[PDB]
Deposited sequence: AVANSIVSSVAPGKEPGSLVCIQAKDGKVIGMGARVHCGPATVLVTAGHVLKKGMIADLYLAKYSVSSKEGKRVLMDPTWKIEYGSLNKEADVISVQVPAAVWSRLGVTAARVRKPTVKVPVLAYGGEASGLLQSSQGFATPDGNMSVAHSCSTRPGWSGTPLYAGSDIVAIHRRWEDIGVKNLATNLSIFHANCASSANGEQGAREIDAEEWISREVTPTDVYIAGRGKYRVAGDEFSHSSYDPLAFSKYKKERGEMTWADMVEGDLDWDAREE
């Protein structure tokens, strides 16, 4: 798996880091289209960490040249998901202002196929990301086996095939076939001002 460093702001527009309060990246996620709006998607065990410590959505802003973060409000409503170890995926209806403050654009979900080439992203900070190359194959139920190298911290990160997301990385590699769950589907802004 070719692991490369990614330049600040050069990751996919849909990618977010999920961080503890000291900045530690403890998972990843993405903004995806779901019917007439969009949702955050990530691994269910990443958001379960929110009972251990506060979680922050984080993304690097090119226009500001800095990191941005928003606390994950625990009242955001789920769209779908399952904490079953074979699914371990959760989607959250995140307000528009959150996504706007972070500058996150939405990706489309696509079915994976046998040996589809994929990229996974993670890293230790929002402007210090890496990519790993690999292949992905569906298992015919809910998962996808893949060969992208990942670290702890990369749970919830999408497997991108081209522009689209075909899976959500789970753990040591297995990912969730997201198409299965997606079937159901002047100077300062006020969002920046309120935090």
Expected output for missing-CA ranges on the deposited sequence is 1 to 4, 177 to 182, 196 to 255, 266 to 275
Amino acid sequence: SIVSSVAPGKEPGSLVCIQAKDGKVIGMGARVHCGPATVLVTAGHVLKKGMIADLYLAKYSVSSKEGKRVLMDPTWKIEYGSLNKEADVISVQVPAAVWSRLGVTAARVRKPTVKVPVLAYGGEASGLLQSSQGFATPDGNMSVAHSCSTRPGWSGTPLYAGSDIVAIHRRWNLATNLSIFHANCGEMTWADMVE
From here on, numbers count along this sequence of modelled residues.
Taking the deposited Cα B-factors and averaging over 153 to 161 and over 61 to 69, the higher mean is found in 61 to 69
Of 143 to 151 and 46 to 54, the stretch with the higher mean C-alpha B-factor in the deposited entry is 143 to 151
Among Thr75, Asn84, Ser91, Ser100, the highest C-alpha B-factor in the PDB entry belongs to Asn84
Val39: CA temperature factor from the record, placed by chain third, in the lowest
Assert third(CA B-factor, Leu174) within chain per record equals highest
Of the three thirds of the chain ranked by Cα temperature factor, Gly134 occupies the highest
